[PDB]
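Chain naming here is simple, since letters A, B, ... match the order of the sequence lines and numbering starts at 1 in each. Both counts, for ligands and for their atoms, begin at 1 and track the order of listing.
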2 protein chains.
Amino acid sequence: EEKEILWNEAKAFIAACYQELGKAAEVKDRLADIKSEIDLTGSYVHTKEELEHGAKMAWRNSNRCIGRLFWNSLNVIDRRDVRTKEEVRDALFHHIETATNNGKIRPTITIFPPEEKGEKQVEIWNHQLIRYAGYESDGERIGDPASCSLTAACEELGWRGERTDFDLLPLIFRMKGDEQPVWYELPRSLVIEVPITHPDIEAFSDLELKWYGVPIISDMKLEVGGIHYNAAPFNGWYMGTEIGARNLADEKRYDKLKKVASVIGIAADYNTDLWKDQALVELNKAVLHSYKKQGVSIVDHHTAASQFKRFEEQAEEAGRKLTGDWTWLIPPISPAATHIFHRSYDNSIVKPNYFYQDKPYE
Amino acid sequence: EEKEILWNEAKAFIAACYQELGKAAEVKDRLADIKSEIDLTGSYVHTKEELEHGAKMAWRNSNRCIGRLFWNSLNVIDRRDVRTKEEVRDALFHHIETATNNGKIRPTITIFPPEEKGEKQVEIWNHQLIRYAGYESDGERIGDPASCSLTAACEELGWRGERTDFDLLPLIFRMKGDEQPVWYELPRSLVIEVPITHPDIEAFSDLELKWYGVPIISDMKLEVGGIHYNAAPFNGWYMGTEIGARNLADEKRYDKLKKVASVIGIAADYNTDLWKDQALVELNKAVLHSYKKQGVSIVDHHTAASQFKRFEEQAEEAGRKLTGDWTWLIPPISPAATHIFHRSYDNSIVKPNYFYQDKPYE
Ligand code: HEM
Ligand code: HEM
Ligand SMILES: N=C(Nc1cccc(OC[C@@H](O)c2cccc(NC(=N)c3cccs3)c2)c1)c1cccs1
Ligand SMILES: N=C(Nc1cccc(OC[C@@H](O)c2cccc(NC(=N)c3cccs3)c2)c1)c1cccs1
Ligand SMILES: [Cl-]
Ligand SMILES: [Cl-]
């Protein structure tokens, strides 16, 4: 069955991919090659064209992603050649550098060797390549609570955080054959961060908030034509609400709404005053203002929804079915001010796509 | 099959209802009575206890309703005795009066005779008993665009609106046997309205906004034990976001966000300024402030979500499965500031319940 699963997925992907690339005539011969290759080796190897277009299709098929208008401009870096942890580390360093691009963020994915027999060649432990540590002990809460389990795992391996609210976690990954992952501290020169200030409320800087420029998701599996690329970190730029309405706002994250209320000069005492809503607006204004002022790419939710509308239109014009997850596509503030809220979406799963996979720790 | 559908639904409802009422012992005999009655007449008649509890269960089962904590305190008015249009009209007038209760709103439902052979005895045309007219002609848009089709239908029947932005539509309903519905102007003394002012922005009154106190949904079918009560208007009080984030905010409703932005002194030019979000917060603050100041019941979305959390807990403690529609339960502003956003809900349909039915016009 496993071989057959591979072959069925391969057939489907190659036909669709080559059709999109105007390579329909080459489908028959390529399929035979793949079929022979699966018979002889138990798998097959993507051409660079297949890999690149596969990663793009996967983004295009990501139901939960509002940023899909730009799917075809994804920068795909083929690192199926890596064999050593130094090569992996350097590839991750490089991804950070080239994706960051001095603040003009380039949507980028680096693709490492795929699983062989369900056996990972490279196993990335980070949730994002750049993320803050979190600590919890004896009433004391420091940093990002979402990172507590990974932080504890790193500290088991000899890493030690300074215990600021914004410690950069090291890169941490394991190679096939090794019992333990290795870790490497991030060079600060590679990591752009943005201090959060408000366009007209001077006291906002008293909160000493900041966030990192580039979100680089590194724990999802890219599946293309039955091949499982468990290690394939990708990035875009942020939508502002991710930072201002979730990372800094959530009670189980940085939980800053009461402090925001205080610095903007409103009471945080009565639900009917809508102080949380007001704090959310000002914090989100501050986030967009700060990224723009520094020259780090970001998009607001209104602009992002407008871009997504064009993606919907483009899909229709191309004769492609549109899939989406309404519950993730609506922004977490003012959702009914976007067109997304007022329509429905088919949440069917189409491949290629990006998938969750079990954590290697905890 | 139709008889059998009735009998199956009856069996299920009576067992559950009587179990909840501690009347489990009386189930067997009541079922026989009903069974005989269905054989002889093609239907059956609810006891007042069954009717009252049925309407309450229906609210309790309404997946989309955040206000369900208070399901058991619904005031059920049995008007299965009405036979004339004057009796219907007076019953609707009465519902308005008693539900309004000088502003201390009482959740209330008035139940009219049920469908006989799918044949309605009373057919209500209004979407809500109290709602504003809408007009569209030659570039000119007046009032509530959502009411345009019903307004046009009323004007076919000899009613004429003053064409303010807030004309009260007449009650309009049809009796079995009549080709045309009848209409009756609402006595203004029965209709409480609230002018919208802001707690600290004096200019907000320049917008001359207002809304009606009591939303009374009159176009849904109450289904209890296989009986179809197509005419059974019900009300609660408003959650503030319904008025401030939808009725007054939606581009296809009153579309007031640009005007709100102007009176609160912010530019409405750049998406990144989040002026729509800011306008939404101030408009929603104004709505809550105004209803509270006048002494008309209303609930904010934070308080409503907290009440819904208790409903969830109460359901668990009672051994009842919880059903809900996440997409309607989240409020349309700051949804991620509520617990609802961060969990999932089973959207299964349980009866008794309230259902959509086709409009008798358009
Ligand atoms: C270019 C800018 C991009 C923006 C602004 C953007 C925006 C977003 C946002 C806001 C989410 C939802 C996260 C949340 O609500 O918590 C999301 C989800 C997602 N995006 Fe994008 N995205 C972009 C690019 C990309 C790229 C380049 C990829 C992959 C090649 C991608 C794949 C995804 C996936 C897989 C998810 C869902 C994650 C999950 O299910 O947990 N996006 N995107
Ligand atoms: C007591 C105060 C109540 C509040 C604050 C409340 C709140 C709400 C809200 C906010 C909605 C969603 C509307 C929207 O988002 O557009 C809703 C839906 C609903 N409520 Fe309640 N509700 C209350 C009482 C009731 C009562 C008394 C009933 C019936 C006996 C009821 C039945 C429903 C139904 C059927 C819906 C769904 C309508 C649809 O699917 O179109 N609610 N409620
Ligand atoms: N947003 C939700 N859940 C949620 C909860 C906790 C964390 C979380 O992180 C998304 C984070 O892992 C993530 C994943 C994918 C993309 C992003 N954001 C980005 N801009 C990009 C990262 C990489 C490419 S684009 C961020 C998402 C919900 C919607 C409805 C109910 S709950
Ligand atoms: N809220 C949504 N849709 C929507 C669109 C237009 C009108 C509308 O009116 C609800 C209105 O008919 C209605 C129905 C039932 C209850 C209420 N509000 C109330 N407080 C009550 C009326 C009667 C008892 S409680 C109001 C709802 C959506 C959620 C997610 C995607 S779209
Ligand atoms: Cl994030
Ligand atoms: Cl309404």
Side-chain angles (χ1 to χ4, degrees), chain A residues 55-71 73-76 99 105-109 127-128 130-131 144 146 211-212 215-217 219-220 222 232-243 245-247 253 297-301 303-304 307-308 325-332 335-336 340-344 353-356, chain B residues 59 62 64-67 74 99 105 107-109 127-129 131 146 214-220 233-243 245-247 250 252-253 298-299 304 325-332 336 354 356:
Chain A
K56 295 179 169 183
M57 292 169 75
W59 181 8
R60 192 179 75 204
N61 286 325
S62 294
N63 289 8
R64 292 171 160 179
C65 177
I66 195 169
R68 287 181 280 163
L69 178 61
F70 307 113
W71 68 271
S73 57
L74 181 63
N75 277 335
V76 182
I105 296 170
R106 288 187 282 227
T108 301
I109 182 170
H127 162 66
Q128 294 177 32
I130 302 172
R131 224 197 183 186
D144 192 343
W211 203 255
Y212 52 86
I216 311 170
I217 292 286
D219 60 3
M220 298 187 75
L222 164 66
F234 60 84
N235 71 280
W237 47 81
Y238 267 116
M239 184 165 76
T241 55
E242 297 185 72
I243 300 165
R246 304 297 313 282
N247 296 343
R253 299 295 295 287
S297 302
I298 193 159
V299 69
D300 68 274
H301 48 295
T303 301
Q307 292 165 340
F308 189 71
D325 186 343
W326 189 96
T327 72
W328 281 59
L329 290 169
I330 59 155
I340 297 166
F341 182 92
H342 302 273
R343 60 158 294 173
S344 290
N353 213 326
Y354 298 98
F355 292 97
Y356 288 161
Chain B
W59 181 8
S62 294
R64 292 171 160 179
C65 177
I66 195 169
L74 181 63
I105 296 170
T108 301
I109 182 170
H127 162 66
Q128 294 177 32
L129 298 188
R131 224 197 183 186
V214 189
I216 311 170
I217 292 286
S218 57
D219 60 3
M220 298 187 75
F234 60 84
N235 71 280
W237 47 81
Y238 267 116
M239 184 165 76
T241 55
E242 297 185 72
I243 300 165
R246 304 297 313 282
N247 296 343
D250 277 11
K252 302 190 170 179
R253 299 295 295 287
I298 193 159
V299 69
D325 186 343
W326 189 96
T327 72
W328 281 59
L329 290 169
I330 59 155
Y354 298 98
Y356 288 161

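With hydrogens and angles disregarded, a donor-acceptor distance shorter than 3.5 Å links the side chain of A:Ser73 to the backbone of A:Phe70. Counting only distance, with no hydrogens or angles, the side chain of B:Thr241 and the backbone of B:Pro331 share no donor-acceptor pair below 3.5 Å. In this structure a side-chain-to-backbone donor-acceptor pair under 3.5 Å is missing from B:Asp250 to B:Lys252. Remark: the backbone N or O of A:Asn61 is paired with a side-chain donor or acceptor of A:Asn353 at under 3.5 angstrom. Here the side chain of A:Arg68 pairs a donor or acceptor atom with the backbone of A:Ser62 at under 3.5 angstrom. Listed for the A:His301 side chain is no donor-acceptor partner under 3.5 Å among the backbone atoms of A:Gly240.
Contact analysis puts A:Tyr356 in contact with ligand 1, with a non-hydrogen atom separation below 4.0 angstrom.
Protein atoms of type N, O or S found under 2.8 Å from atom 21 (Fe) of ligand 1 total 1.
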Does ligand 4 have any N/O atom under 3.5 Å from a protein N/O, and what are those pairs and their distances?
unit_1: ligand 4; atom_1: 1 (N); unit_2: B:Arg246; atom_2: NH1; d: 3.2
unit_1: ligand 4; atom_1: 12 (O); unit_2: B:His127; atom_2: NE2; d: 3.3
unit_1: ligand 4; atom_1: 18 (N); unit_2: B:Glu242; atom_2: OE1; d: 2.5
unit_1: ligand 4; atom_1: 18 (N); unit_2: B:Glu242; atom_2: OE2; d: 3.4
unit_1: ligand 4; atom_1: 20 (N); unit_2: B:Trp237; atom_2: O; d: 3.0
unit_1: ligand 4; atom_1: 20 (N); unit_2: B:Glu242; atom_2: OE2; d: 2.9

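The aromatic rings of B:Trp326 and A:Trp326 lie perpendicular to each other, with more than 60° between the two planes, well past the 30° mark.
Counting heavy atoms under 4.0 Å from ligand 1, residue A:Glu242 touches it through the side chain alone.
A pairwise comparison of heavy atoms in B:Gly67 and B:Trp59 identifies O-CZ2, 3.4 Å as the closest pair. Considering every non-hydrogen atom in both A:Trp211 and A:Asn247, the closest pair reads CZ2-ND2, 3.3 Å. Heavy-atom minimum distance, A:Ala58 versus A:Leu222: CB-CD1, 3.5 Å.
Ranking protein heavy atoms by distance to atom 29 (C) of ligand 1, first place goes to A:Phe234 CD1, 3.2 Å. What sits closest to atom 5 (C) of ligand 1 on the protein, heavy atoms only, is A:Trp237 O, 3.3 Å. Summary of contacts: the protein heavy atom closest to atom 38 (C) of ligand 1 is A:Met220 SD, 4.1 Å. Looking only at protein heavy atoms, the nearest one to atom 30 (C) of ligand 1 is A:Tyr354 OH, 3.4 Å. When only non-hydrogen protein atoms are considered, atom 27 (C) of ligand 1 lies nearest to A:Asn235 O, 3.4 Å. Nearest non-hydrogen protein atom to atom 16 (O) of ligand 1 is A:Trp328 CZ3, 3.9 Å.
Test A:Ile330, A:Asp325, A:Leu329 against A:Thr327 for side-chain contact (heavy atoms from CB on, under 4.5 Å) and you get one pass: A:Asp325.
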Stepwise side-chain contact (heavy atoms from CB on, under 4.5 Å) check, B:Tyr356 with B:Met220: CA-CA 5 Å; B:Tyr356 288 161; B:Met220 298 187 75; 3.8 Å; yes
task: For side-chain contact (heavy atoms from CB on, under 4.5 Å), just list the numbers for A:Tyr354 and A:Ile109, CA-CA rounded to whole Å, side-chain angles, deciding distance to a tenth of an Å, and then say yes or no.
output: CA-CA 12 Å; A:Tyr354 298 98; A:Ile109 182 170; 3.4 Å; yes
